[PDB]
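Participant: Protein chains in written order, with the authors' numbering: chain Af, 78 to 176; chain AB, 55 to 274; chain Ab, 2 to 136; chain AR, 47 to 143; chain AE, 216 to 287. I'd like to ask you about the structure that follows.
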Amino acid sequence: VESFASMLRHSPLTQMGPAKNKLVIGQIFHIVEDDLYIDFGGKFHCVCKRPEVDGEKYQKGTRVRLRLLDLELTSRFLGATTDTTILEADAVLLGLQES
Amino acid sequence: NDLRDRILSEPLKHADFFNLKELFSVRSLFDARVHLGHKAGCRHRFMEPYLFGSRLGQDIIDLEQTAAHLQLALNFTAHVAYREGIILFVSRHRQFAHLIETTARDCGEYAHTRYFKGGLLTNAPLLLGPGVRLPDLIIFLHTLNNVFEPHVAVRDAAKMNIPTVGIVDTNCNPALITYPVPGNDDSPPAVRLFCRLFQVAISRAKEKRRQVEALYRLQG
Amino acid sequence: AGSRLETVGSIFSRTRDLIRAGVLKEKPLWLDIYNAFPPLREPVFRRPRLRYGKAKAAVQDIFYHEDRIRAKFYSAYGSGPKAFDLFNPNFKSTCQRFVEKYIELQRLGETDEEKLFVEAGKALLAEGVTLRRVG
Amino acid sequence: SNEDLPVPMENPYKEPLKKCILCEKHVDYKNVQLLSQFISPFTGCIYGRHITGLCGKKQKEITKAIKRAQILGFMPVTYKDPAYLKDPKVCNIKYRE
Amino acid sequence: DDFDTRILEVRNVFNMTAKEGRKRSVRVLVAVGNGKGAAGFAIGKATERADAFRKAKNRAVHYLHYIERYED
RNA sequence: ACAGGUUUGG
Ligand SMILES: [Mg+2]
Ligand SMILES: [Mg+2]
Ligand SMILES: [Zn+2]
């Protein structure tokens, strides 16, 4: 039986290490008038803006490329015992499954 | 009445009376992003014994104890559904409110994902009706509401002597939940996995209750 | 009726003693289930006092020896060309193949860090991956 | 008995600390061209940390050198020497919008 | 029926409103207990004394403790 | 001391 300690070491998130400028692939799951909720797959979903190039080619279920900046935007302020989580992620659009 | 007590005493003598171990595994929980939590700064103090570590700020949950608590929670959930217990899925989160309500509809149990009213469970004889039947079990799929504060039902259940089975993230307070399960309630795959687990745990319990009643009808 | 107290203890500790006293003359259906399969921790109310002083949390950071090797690749070449796919459970990345080649060459008795580092990059050209050294 | 447990080691991805513009440099009180890049060209006010961006050591030594050069007769006080106006802009303040 | 209650405190509480000025309100502490170890207390506050007593008696049943008594 | 009364719109 494979326990948790062995299956965690072979996780792609462990192989990626820090989330600073990592190239990842994410599949869109919801569409807004101009915003795109792309789930790169780690914990949260990043909100990106529809570019002017091939903006119509972005539909529900499309896989796109991202450069992950931060995994979960959390920070502290004055008089806050905990942090203020944004419940999102930070990522930018580069391409849409160039293959 | 002498034959009806046997129906209730039958499942109490066996450990896995409904065979709930095959419904999931450590790998099935790992594949649903359950082992992932918030950053170290958002860590609640009562999650240090329920955390496995911290991978560059982000904490990791121990899936062994996760699966053990999940086994216990699913057993307690199946027994309530077998004993004809009112199960209420209370979860205030504007991302899967539709999925939770659909799961409750398919299970035949009740749901609550809208604005939780103040005197709902306490002042029930004035909010619901003259004399009502309170939910025998409360299931939490999101302990924290949109204000990042503990829900009201998680305290009202303990105030009205009602058992609670809740998914607690790294920023939730499991001090009052009867059967807590340290996991992730922010991932769509995680919430789908929990919804399906409770779905099958309710379905098998109800079907086995019906089979036991059918057998009781032929007992005499 | 019941006991609406929160800070005293657990719902089991507030219902079993009441039934023992004999006020609640009807036993709740969940009480037998609780007695059959109690949880690991009794649900007693605990107030989360803030941690002051030199005290620190009991959680321990997650770091492996493979991270010390992945740091070299991320400082030398940066992010790999093959983007990560978080949906594939058995997805192997460029840095993962590099650290695998490193730990494989380590068994050959090679103790020089340069010998263990440059030989993996030279061997990856046999598989045919493209590396972009950040200078 | 498990061999895949995390080991209590340091952080390998620990990034180097940010350096000031004069980190590991030698400031002086006679390089008027150097000290003028931190004073306002219209008035001569000494820019602070929020504008310059110097770490705790050089920030005070720059001010001391400026105050020494303003009394010894190396650099004017009421303004900046116009011969050193063509120096590259180091500060982070924009006047003309 | 086996429960027995006792009044522990009675006090005439006043409040300064905008129009009526002094607003005399009766607040009382009422304890309940049967004699087998189960007991509790509550506070009933109202305008009339008979109404405050009734509210305290009705709210004292909801808060019950159990006192472990060695040899009773 | 088994204690109670006495300040104040409270
Ligand atoms: Mg959460
Ligand atoms: Mg006074
Ligand atoms: Zn410096």
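All residues carry an ideal CB built from backbone N, CA and C; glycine is no exception.
So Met55/AR contacts chain Ab; which residues on that side make the cut at Cβ distance below 9 Å?
Facilitator: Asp62, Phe64, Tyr65, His66, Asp68, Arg69, listed in chain order.
Participant: Anyone know if the C-beta pair for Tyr164/AB and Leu142/AB falls short of 8 Å?
Facilitator: For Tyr164/AB and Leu142/AB, yes; Cβs fall inside 8 Å.
Participant: Which residues, in chain order, sit with a beta-carbon under 7 Å away from any heavy atom of ligand 1?
Facilitator: Any residue whose Cβ sits closer than 7 Å to a heavy atom of ligand 1 makes the list: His92/AB, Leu198/AB, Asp223/AB, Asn225/AB, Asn238/AB, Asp239/AB, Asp240/AB.
Participant: Establish whether the CB of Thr139/Af and some CB of chain AB are separated by less than 8 Å.
Facilitator: No, its Cβ sits nowhere closer than 8 Å to a Cβ of chain AB.
Participant: Looking at the strands, I want to know which residues DSSP matches up with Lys126/Af.
Facilitator: Answer is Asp112/Af.
Participant: For a contact defined as C-beta to C-beta under 8 Å, what are the partners of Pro95/Af on chain AB?
Facilitator: Those are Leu110, listed as they occur along chain AB.
Participant: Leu68/AR by DSSP, collapsed to three states: which one?
Facilitator: Of the three classes helix, strand and coil, the one that applies to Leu68/AR here is coil, per DSSP.
Participant: Can you find a CB in chain Af that lies within less than 8 Å of the CB of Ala84/Ab?
Facilitator: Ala84/Ab counts as touching chain Af.
Participant: Going by CA-CA distance only, name the one from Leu170/Af, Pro95/Af, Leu90/Af that's closest to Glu61/AR.
Facilitator: It is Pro95/Af.
Participant: Please state whether the Cβ-Cβ distance between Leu171/Af and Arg127/Af is less than 8 Å.
Facilitator: Not in contact: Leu171/Af and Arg127/Af (Cβ atoms no closer than 8 Å).
Participant: Quick one, are the C-beta atoms of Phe218/AE and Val245/AE less than 8 Å apart?
Facilitator: No, the Cβ-Cβ distance between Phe218/AE and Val245/AE is not below 8 Å.
Participant: Is the CB of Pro62/AR under 8 Å away from at least one CB in chain Ab?
Facilitator: No - not a single Cβ of chain Ab is within 8 Å of the one on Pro62/AR.
Participant: Between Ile92/AR, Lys76/AR, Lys132/AR, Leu118/AR, which has its C-alpha nearest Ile139/AR's C-alpha?
Facilitator: Of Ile92/AR, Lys76/AR, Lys132/AR, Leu118/AR, the residue nearest in Cα terms is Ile92/AR.
Participant: Give me the DSSP bridge partner(s) of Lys270/AE.
Facilitator: Looking at the DSSP assignment, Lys270/AE forms no beta bridge with any residue, so it has no partner.
Participant: For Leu132/Ab, return the contacting residues in chain Af, with the cut-off set at a CB-CB distance below 7 Å.
Facilitator: By Cβ distance, chain Af contributes nothing, its closest Cβ being about 14 Å from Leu132/Ab, past 7 Å.
Participant: Please tell me whether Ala229/AB has its Cβ less than 8 Å away from any Cβ of chain Ab.
Facilitator: So yes, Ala229/AB belongs to the interface.
Participant: Can you list, in chain order, the residues of the stretch 87-104 of chain Ab whose Cβ is nearer than 9 Å to any Cβ on chain AE?
Facilitator: Correct list: empty, as no residue qualifies.
Participant: Is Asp50/AR close to chain Af? Criterion is C-beta to C-beta, closer than 8 Å.
Facilitator: It does: the Cβ of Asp50/AR has a partner Cβ on chain Af nearer than 8 Å.
Participant: Among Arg209/AB, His152/AB, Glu203/AB, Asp240/AB, whose alpha-carbon lies nearest the alpha-carbon of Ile221/AB?
Facilitator: Considering only alpha carbons, the answer is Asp240/AB.
Participant: Starting from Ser240/AE, follow its DSSP beta bridges and name the residues at the other end.
Facilitator: Answer by DSSP bridge pairing, in chain order: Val228/AE.
Participant: Verify the CB distance criterion: does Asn73/AB have a CB-CB separation below 8 Å to chain Af?
Facilitator: Cβ-Cβ to chain Af under 8 Å: no for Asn73/AB.
Participant: Nearer than 7 Å: is that true of the beta carbon of residue 35/AR relative to any heavy atom of ligand 3?
Facilitator: Missing from the structure shown is residue 35/AR; chain AR here goes from 47 to 143 and no further.
Participant: Between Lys65/AR and ligand 3, is there a pair consisting of the residue's CB and a ligand heavy atom that are separated by less than 7 Å?
Facilitator: Under cutoff, so the answer is yes.
Participant: Look at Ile114/AB and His89/AB and say whether their C-beta atoms are less than 8 Å apart.
Facilitator: Yes. Within cutoff.
Participant: What residues from the stretch 94-122 of chain Af come within 9 Å of chain AB, judged by C-beta to C-beta, listed N to C?
Facilitator: Correct list: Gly94, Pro95, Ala96, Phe106, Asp116, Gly118, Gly119, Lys120, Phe121, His122.
Participant: Restricting to Cα atoms, I'd like to know which of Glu143/AR, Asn57/AR, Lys132/AR, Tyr125/AR is closest to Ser86/AR.
Facilitator: Answer by Cα proximity: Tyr125/AR.
Participant: Between the Cα of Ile97/AR and those of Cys66/AR, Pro58/AR, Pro54/AR, spot the shortest distance and give me the residue it belongs to.
Facilitator: When each option's Cα is compared against that of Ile97/AR, the closest is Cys66/AR.
Participant: Between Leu131/AR and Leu100/AR, is the Cβ-Cβ spacing less than 8 Å?
Facilitator: Not in contact: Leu131/AR and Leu100/AR (Cβ atoms no closer than 8 Å).
Participant: Between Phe100/AB and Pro228/AB, is the Cβ-Cβ spacing less than 8 Å?
Facilitator: Yes, Cβ-Cβ distance for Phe100/AB and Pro228/AB is below 8 Å.
Participant: Based on the DSSP secondary-structure assignment, which residues constitute the bridge partners of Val219/AB?
Facilitator: Paired residue(s): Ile193/AB, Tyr233/AB.
Participant: The alpha helix (DSSP H) that contains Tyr35/Ab, what's its start and end?
Facilitator: Note, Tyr35/Ab: alpha helix (DSSP H), 30-37.
Participant: With 9 Å as the limit, tell me which residues of the stretch 260-283 of chain AE have their beta carbon closer than that to any beta carbon of chain Ab; keep them in chain order.
Facilitator: Those would be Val276, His277, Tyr278, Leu279, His280, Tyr281, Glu283, in chain order.
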